[PDB]
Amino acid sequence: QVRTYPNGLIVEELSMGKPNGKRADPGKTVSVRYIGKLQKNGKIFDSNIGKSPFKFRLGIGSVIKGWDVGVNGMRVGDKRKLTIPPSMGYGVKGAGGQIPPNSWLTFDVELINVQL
């Protein structure tokens, strides 16, 4: 299904993982596969398909706010689409070469593991 937030964040469950999938909660280290796109033109700026999974501690601001919120509650094998407003990404200013000012971002994220 779909959840929207008043700030414009959209979190869509694309597919469910197996029933026994470990759950991602704040403070857990998680491993994910992702494809990241600029929402304005569908240009893919990064993916780790065919690469080592991306590991981070959920809920500590290591990653953009849209990920901390959007990955929370995933179970192993779940895939979500996150449609992230600038305020939950890199803001008005944008970021480096990769992210223009005022960028809406779309990520497809698959939860690979959770360290309980």
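Heads up: residue numbers just count along the shown sequence, starting at 1.
When the two stretches 73 to 81 and 52 to 60 are set side by side, the higher mean Cα temperature factor goes to 52 to 60. Remark: stretch with higher mean C-alpha B factor among 23 to 31 and 87 to 95 is 87 to 95. Ranked by Cα temperature factor within the chain, residue 114 sits in the middle third according to the deposited record. Among the modelled residues of its chain, residue 42 has a C-alpha B-factor that falls in the highest third, as given in the PDB entry. The PDB entry assigns residue 16 a C-alpha temperature factor belonging to the middle third of its chain's modelled residues.
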